[PDB]
>>> print(open('target.csv').read())   # CSV, C-alpha atoms and all ligand atoms
chain,number,residue,atom,x,y,z
A,16,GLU,CA,0.0,0.0,0.0
A,17,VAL,CA,1.8,3.1,-1.4
A,18,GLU,CA,0.8,6.7,-0.6
A,19,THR,CA,1.7,9.4,-3.2
A,20,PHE,CA,2.1,13.0,-2.0
A,21,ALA,CA,2.8,16.3,-3.8
A,22,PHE,CA,5.9,18.3,-2.7
A,23,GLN,CA,5.0,21.7,-1.4
A,24,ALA,CA,5.6,24.1,-4.3
A,25,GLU,CA,8.7,25.7,-2.7
A,26,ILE,CA,10.4,22.3,-2.2
A,27,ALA,CA,9.6,21.3,-5.8
A,28,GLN,CA,11.3,24.5,-6.9
A,29,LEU,CA,14.3,23.8,-4.7
A,30,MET,CA,14.6,20.3,-6.3
A,31,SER,CA,14.3,21.6,-9.8
A,32,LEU,CA,17.0,24.3,-9.1
A,33,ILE,CA,19.3,21.6,-7.8
A,34,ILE,CA,18.7,19.4,-10.8
A,35,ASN,CA,18.8,22.0,-13.5
A,36,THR,CA,21.5,24.5,-12.4
A,37,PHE,CA,24.9,24.1,-14.0
A,38,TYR,CA,27.1,23.5,-10.9
A,39,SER,CA,30.2,21.3,-11.1
A,40,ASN,CA,31.0,20.9,-7.3
A,41,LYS,CA,28.6,18.0,-6.9
A,42,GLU,CA,30.7,16.1,-4.3
A,43,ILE,CA,29.3,18.2,-1.4
A,44,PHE,CA,26.1,16.0,-1.4
A,45,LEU,CA,28.1,13.5,0.7
A,46,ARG,CA,29.1,16.1,3.3
A,47,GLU,CA,25.5,17.2,3.6
A,48,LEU,CA,24.1,13.7,4.1
A,49,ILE,CA,26.9,12.7,6.6
A,50,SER,CA,26.2,15.9,8.4
A,51,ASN,CA,22.5,15.0,8.6
A,52,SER,CA,23.4,11.6,9.9
A,53,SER,CA,25.7,13.2,12.6
A,54,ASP,CA,22.7,15.4,13.6
A,55,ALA,CA,20.5,12.3,13.9
A,56,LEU,CA,23.1,10.5,16.0
A,57,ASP,CA,23.5,13.5,18.3
A,58,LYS,CA,19.7,13.5,18.9
A,59,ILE,CA,19.5,9.8,20.0
A,60,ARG,CA,22.7,10.2,22.1
A,61,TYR,CA,21.1,13.2,23.9
A,62,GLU,CA,17.9,11.3,24.6
A,63,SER,CA,19.9,8.3,25.9
A,64,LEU,CA,21.6,10.5,28.5
A,65,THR,CA,18.4,10.6,30.6
A,66,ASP,CA,16.8,7.3,29.3
A,67,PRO,CA,19.3,4.5,28.4
A,68,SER,CA,16.4,2.3,27.1
A,69,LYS,CA,16.3,4.6,24.1
A,70,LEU,CA,19.3,2.6,22.9
A,71,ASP,CA,17.6,-0.8,23.3
A,72,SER,CA,17.2,-0.6,19.5
A,73,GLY,CA,20.9,-0.5,18.9
A,74,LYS,CA,23.7,0.8,21.1
A,75,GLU,CA,26.3,1.6,18.4
A,76,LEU,CA,26.3,5.1,17.0
A,77,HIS,CA,27.9,5.1,13.6
A,78,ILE,CA,27.7,5.8,9.9
A,79,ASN,CA,28.3,3.3,7.1
A,80,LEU,CA,28.9,4.2,3.4
A,81,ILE,CA,28.0,1.3,1.1
A,82,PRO,CA,28.7,1.5,-2.6
A,83,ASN,CA,27.2,-1.0,-4.9
A,84,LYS,CA,28.4,-0.8,-8.5
A,85,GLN,CA,26.0,-3.6,-9.8
A,86,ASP,CA,22.9,-1.7,-8.5
A,87,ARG,CA,24.6,1.7,-9.1
A,88,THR,CA,23.7,2.8,-5.6
A,89,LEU,CA,25.5,4.6,-2.8
A,90,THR,CA,23.8,4.1,0.5
A,91,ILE,CA,24.5,6.2,3.6
A,92,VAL,CA,23.4,4.3,6.8
A,93,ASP,CA,23.2,5.8,10.3
A,94,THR,CA,21.9,4.5,13.6
A,95,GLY,CA,20.6,7.9,14.7
A,96,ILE,CA,17.2,8.8,16.0
A,97,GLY,CA,15.3,7.9,12.8
A,98,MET,CA,12.1,9.6,11.5
A,99,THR,CA,8.4,9.0,12.1
A,100,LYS,CA,6.0,8.7,9.2
A,101,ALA,CA,4.9,12.3,10.0
A,102,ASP,CA,8.6,13.4,9.9
A,103,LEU,CA,9.0,11.8,6.5
A,104,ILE,CA,6.0,13.5,5.0
A,105,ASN,CA,7.0,16.9,6.6
A,106,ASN,CA,10.1,17.2,4.4
A,107,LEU,CA,12.1,14.5,6.2
A,108,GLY,CA,12.0,16.3,9.5
A,109,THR,CA,13.2,19.7,8.1
A,110,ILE,CA,11.7,23.2,8.1
A,111,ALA,CA,12.2,23.0,4.3
A,112,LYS,CA,9.8,25.8,3.3
A,113,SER,CA,11.5,28.5,5.4
A,114,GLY,CA,14.9,27.0,4.7
A,115,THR,CA,14.3,27.1,0.9
A,116,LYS,CA,13.2,30.7,1.1
A,117,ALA,CA,16.4,31.7,2.9
A,118,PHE,CA,18.6,29.6,0.7
A,119,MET,CA,17.2,31.0,-2.5
A,120,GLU,CA,17.6,34.6,-1.2
A,121,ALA,CA,21.2,33.8,-0.4
A,122,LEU,CA,21.8,32.4,-3.9
A,123,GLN,CA,20.8,35.5,-5.8
A,124,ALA,CA,22.8,37.4,-3.1
A,125,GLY,CA,26.1,35.8,-3.9
A,126,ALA,CA,25.9,32.3,-2.4
A,127,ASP,CA,26.4,29.0,-4.3
A,128,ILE,CA,24.8,25.6,-4.0
A,129,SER,CA,27.5,24.4,-1.7
A,130,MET,CA,26.1,26.5,1.2
A,131,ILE,CA,22.8,24.6,1.2
A,132,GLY,CA,23.3,23.0,4.6
A,133,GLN,CA,23.4,26.4,6.3
A,134,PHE,CA,19.7,26.6,5.4
A,135,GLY,CA,18.7,23.2,6.8
A,136,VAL,CA,17.8,21.6,3.4
A,137,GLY,CA,21.1,19.8,2.6
A,138,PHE,CA,19.2,16.5,2.1
A,139,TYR,CA,18.0,17.7,-1.3
A,140,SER,CA,21.6,18.1,-2.5
A,141,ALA,CA,21.3,14.3,-3.0
A,142,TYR,CA,19.6,15.2,-6.4
A,143,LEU,CA,23.0,16.6,-7.6
A,144,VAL,CA,24.1,13.0,-8.2
A,145,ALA,CA,21.0,10.8,-7.8
A,146,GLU,CA,18.1,10.2,-10.2
A,147,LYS,CA,16.1,8.6,-7.4
A,148,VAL,CA,16.5,8.7,-3.7
A,149,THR,CA,15.0,6.1,-1.3
A,150,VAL,CA,15.0,6.8,2.4
A,151,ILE,CA,14.4,3.8,4.8
A,152,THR,CA,13.9,4.9,8.4
A,153,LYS,CA,13.0,3.5,11.8
A,154,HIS,CA,12.2,5.7,14.9
A,155,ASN,CA,11.7,4.1,18.3
A,156,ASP,CA,8.2,5.6,18.3
A,157,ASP,CA,7.0,4.2,14.9
A,158,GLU,CA,7.3,1.4,12.3
A,159,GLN,CA,9.8,1.1,9.6
A,160,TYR,CA,8.9,3.3,6.6
A,161,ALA,CA,10.3,3.9,3.0
A,162,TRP,CA,10.2,7.3,1.4
A,163,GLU,CA,11.1,7.6,-2.3
A,164,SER,CA,11.2,10.4,-4.9
A,165,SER,CA,12.6,10.8,-8.5
A,166,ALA,CA,11.6,14.5,-8.1
A,167,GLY,CA,9.0,15.5,-10.7
A,168,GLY,CA,6.9,17.0,-8.0
A,169,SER,CA,5.9,13.9,-5.9
A,170,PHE,CA,7.1,11.4,-3.4
A,171,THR,CA,5.8,8.2,-2.0
A,172,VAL,CA,5.6,6.7,1.5
A,173,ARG,CA,5.0,3.1,2.3
A,174,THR,CA,5.5,0.7,5.2
A,175,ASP,CA,8.8,-1.0,4.6
A,176,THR,CA,8.7,-4.8,4.5
A,177,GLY,CA,12.5,-4.9,3.8
A,178,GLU,CA,15.2,-5.9,6.1
A,179,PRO,CA,14.5,-4.6,9.6
A,180,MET,CA,16.9,-1.8,10.6
A,181,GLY,CA,16.7,-1.5,14.4
A,182,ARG,CA,16.8,2.3,14.5
A,183,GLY,CA,18.1,5.0,12.2
A,184,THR,CA,18.0,6.1,8.6
A,185,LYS,CA,19.3,4.6,5.3
A,186,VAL,CA,19.6,7.0,2.3
A,187,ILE,CA,19.9,5.0,-0.9
A,188,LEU,CA,21.2,7.2,-3.8
A,189,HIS,CA,20.3,5.7,-7.2
A,190,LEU,CA,23.1,7.5,-9.1
A,191,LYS,CA,22.9,9.2,-12.4
A,192,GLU,CA,24.7,7.4,-15.2
A,193,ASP,CA,27.4,10.0,-15.4
A,194,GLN,CA,27.9,10.2,-11.6
A,195,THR,CA,29.4,6.8,-10.9
A,196,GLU,CA,32.7,8.2,-9.6
A,197,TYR,CA,31.0,8.3,-6.2
A,198,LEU,CA,31.0,4.5,-6.1
A,199,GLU,CA,34.8,4.4,-6.4
A,200,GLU,CA,36.6,3.9,-3.1
A,201,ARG,CA,39.4,6.4,-3.7
A,202,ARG,CA,36.9,9.1,-4.6
A,203,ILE,CA,34.7,8.5,-1.6
A,204,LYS,CA,37.7,8.5,0.7
A,205,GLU,CA,38.9,11.8,-0.7
A,206,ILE,CA,35.5,13.4,-0.2
A,207,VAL,CA,35.2,12.2,3.4
A,208,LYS,CA,38.7,13.4,4.3
A,209,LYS,CA,38.1,16.8,2.6
A,210,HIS,CA,34.7,17.7,4.0
A,211,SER,CA,33.8,15.3,6.9
A,212,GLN,CA,37.1,15.0,8.9
A,213,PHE,CA,35.6,16.3,12.2
A,214,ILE,CA,32.4,14.2,12.3
A,215,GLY,CA,32.3,12.7,15.8
A,216,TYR,CA,31.1,9.2,14.8
A,217,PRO,CA,32.9,6.4,13.0
A,218,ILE,CA,32.4,6.4,9.2
A,219,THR,CA,33.0,3.0,7.7
A,220,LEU,CA,33.5,2.8,3.9
A,221,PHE,CA,32.4,-0.7,2.9
A,222,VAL,CA,34.4,-2.4,0.0
A,223,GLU,CA,33.0,-4.5,-2.8
A,224,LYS,CA,33.7,-8.1,-3.9
B,301,LIG,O1,19.8,10.5,9.7
B,301,LIG,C1,19.3,11.2,8.8
B,301,LIG,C2,19.5,11.2,7.5
B,301,LIG,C3,18.7,12.2,7.0
B,301,LIG,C4,18.6,12.7,5.6
B,301,LIG,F1,19.8,12.9,5.0
B,301,LIG,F2,17.9,11.8,4.8
B,301,LIG,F3,17.9,13.8,5.6
B,301,LIG,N1,18.1,12.9,8.0
B,301,LIG,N2,18.4,12.2,9.1
B,301,LIG,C5,17.9,12.6,10.4
B,301,LIG,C6,18.4,13.8,11.0
B,301,LIG,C7,17.8,14.1,12.3
B,301,LIG,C8,16.8,13.4,12.8
B,301,LIG,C9,16.3,12.2,12.1
B,301,LIG,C10,16.9,11.9,10.9
>>> encode(input="target.csv", output="structure tokens", more="lines below")
Ligand SMILES: O=c1cc(C(F)(F)F)[nH]n1-c1ccccc1
Amino acid sequence: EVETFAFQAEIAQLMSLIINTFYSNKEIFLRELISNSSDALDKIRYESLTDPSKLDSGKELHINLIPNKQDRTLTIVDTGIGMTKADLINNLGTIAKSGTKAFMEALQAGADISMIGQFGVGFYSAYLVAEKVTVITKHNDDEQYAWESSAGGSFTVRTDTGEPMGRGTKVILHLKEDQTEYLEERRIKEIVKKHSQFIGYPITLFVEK
């Protein structure tokens, strides 16, 4: 059972700007997703300080980067706080309407796409490199859900019958045909070292057969 939703008009506009603007510095999508994962991990860590049972769903706080050249996917997995169904529908837990407004004012006032995370909508930088994004998530207070969008103005939400996650979020990037450099180990390592060197959680880059 799949529910299809329209993006708010401002988010659709943000997504088409990300997709259509000529902008060569695409590698910053990975910094933005890792930063989102770090923020999610901070949230469950804070809640566990006063309630250790919040970690019954998984004690380890970490980030995995999983390239798969056969599927042409790069998956960013974290064991952070996760998202409820309502979070997913409400722009993946962001204040994306007001953040898009601020971001687009900044852009015509000098800024470039790389500053997107200062406006709280860094998730959407995934569409620099991905034709489709699937987000699988599990919050302690809800069931496991899958969000998906190929842009074009709509997204879907369904209950996820896939492999149970425990707690956290998995962002599966279905890469564009010409963006497969972000499946190569040396390229991913370079980007993590350049932009994510002070993330306070282990980032494990999986290797392939
Ligand atoms: O772990 C992740 C990954 C994302 C995403 F990149 F997809 F946006 N958000 N997120 C998060 C952040 C804070 C609270 C709950 C979930």
>>> closest_residue(input="target.csv", among="A:166, A:161, A:27, A:186", to="ligand LIG 301 (chain B)", atoms="all atoms listed in the file")
A:186
>>> closest_residue(input="target.csv", among="A:59, A:32, A:43, A:126", to="residue 183 in chain A", atoms="all atoms listed in the file")
A:59
>>> atom_distance(input="target.csv", atom1="CA of residue 28 in chain A", atom2="CA of residue 116 in chain A")
10.3 Å
>>> residues_around(input="target.csv", residues="residue 31 in chain A", least_positions_apart="3", cutoff="9 Å", atoms="only C-alpha atoms", output="JSON, numbers by chain")
{"A": [26, 27, 28, 34, 35, 36, 142, 166, 167, 168]}
>>> residues_around(input="target.csv", residues="residue 69 in chain A", least_positions_apart="3", cutoff="12 Å", atoms="all atoms listed in the file", output="PyMOL selection string")
chain A and resi 58-66+72-75+94-97+154-156+181-182
>>> atom_distance(input="target.csv", atom1="CA of residue 46 in chain A", atom2="CA of residue 211 in chain A")
6.0 Å
>>> closest_residue(input="target.csv", among="A:214, A:89, A:180, A:107", to="ligand LIG 301 (chain B)", atoms="all atoms listed in the file")
A:107
>>> atom_distance(input="target.csv", atom1="CA of residue 130 in chain A", atom2="CA of residue 24 in chain A")
21.4 Å
>>> closest_residue(input="target.csv", among="A:134, A:197, A:139, A:20", to="ligand LIG 301 (chain B)", atoms="all atoms listed in the file")
A:139
>>> closest_atom_pairs(input="target.csv", of="chain A", to="ligand LIG 301 (chain B)", cutoff="9 Å", atoms="all atoms listed in the file", output="Markdown table")
| residue | atom | partner | partner_atom | distance |
| --- | --- | --- | --- | --- |
| A:47 | CA | B:LIG301 | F1 | 7.3 |
| A:48 | CA | B:LIG301 | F1 | 4.5 |
| A:49 | CA | B:LIG301 | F1 | 7.3 |
| A:50 | CA | B:LIG301 | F1 | 7.8 |
| A:51 | CA | B:LIG301 | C6 | 4.9 |
| A:52 | CA | B:LIG301 | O1 | 3.8 |
| A:53 | CA | B:LIG301 | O1 | 7.1 |
| A:54 | CA | B:LIG301 | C7 | 5.2 |
| A:55 | CA | B:LIG301 | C7 | 3.6 |
| A:56 | CA | B:LIG301 | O1 | 7.1 |
| A:57 | CA | B:LIG301 | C7 | 8.3 |
| A:58 | CA | B:LIG301 | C8 | 6.8 |
| A:59 | CA | B:LIG301 | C8 | 8.5 |
| A:91 | CA | B:LIG301 | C2 | 8.1 |
| A:92 | CA | B:LIG301 | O1 | 7.7 |
| A:93 | CA | B:LIG301 | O1 | 5.8 |
| A:94 | CA | B:LIG301 | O1 | 7.5 |
| A:95 | CA | B:LIG301 | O1 | 5.7 |
| A:96 | CA | B:LIG301 | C9 | 5.3 |
| A:97 | CA | B:LIG301 | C9 | 4.5 |
| A:98 | CA | B:LIG301 | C9 | 5.0 |
| A:99 | CA | B:LIG301 | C9 | 8.5 |
| A:102 | CA | B:LIG301 | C9 | 8.1 |
| A:106 | CA | B:LIG301 | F3 | 8.6 |
| A:107 | CA | B:LIG301 | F3 | 5.9 |
| A:108 | CA | B:LIG301 | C9 | 6.5 |
| A:109 | CA | B:LIG301 | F3 | 7.9 |
| A:136 | CA | B:LIG301 | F3 | 8.1 |
| A:137 | CA | B:LIG301 | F1 | 7.4 |
| A:138 | CA | B:LIG301 | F3 | 4.6 |
| A:139 | CA | B:LIG301 | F3 | 7.9 |
| A:141 | CA | B:LIG301 | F1 | 8.3 |
| A:149 | CA | B:LIG301 | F2 | 8.8 |
| A:150 | CA | B:LIG301 | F2 | 6.3 |
| A:151 | CA | B:LIG301 | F2 | 8.7 |
| A:152 | CA | B:LIG301 | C10 | 8.0 |
| A:154 | CA | B:LIG301 | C9 | 8.2 |
| A:183 | CA | B:LIG301 | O1 | 6.3 |
| A:184 | CA | B:LIG301 | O1 | 4.9 |
| A:185 | CA | B:LIG301 | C2 | 7.0 |
| A:186 | CA | B:LIG301 | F2 | 5.7 |
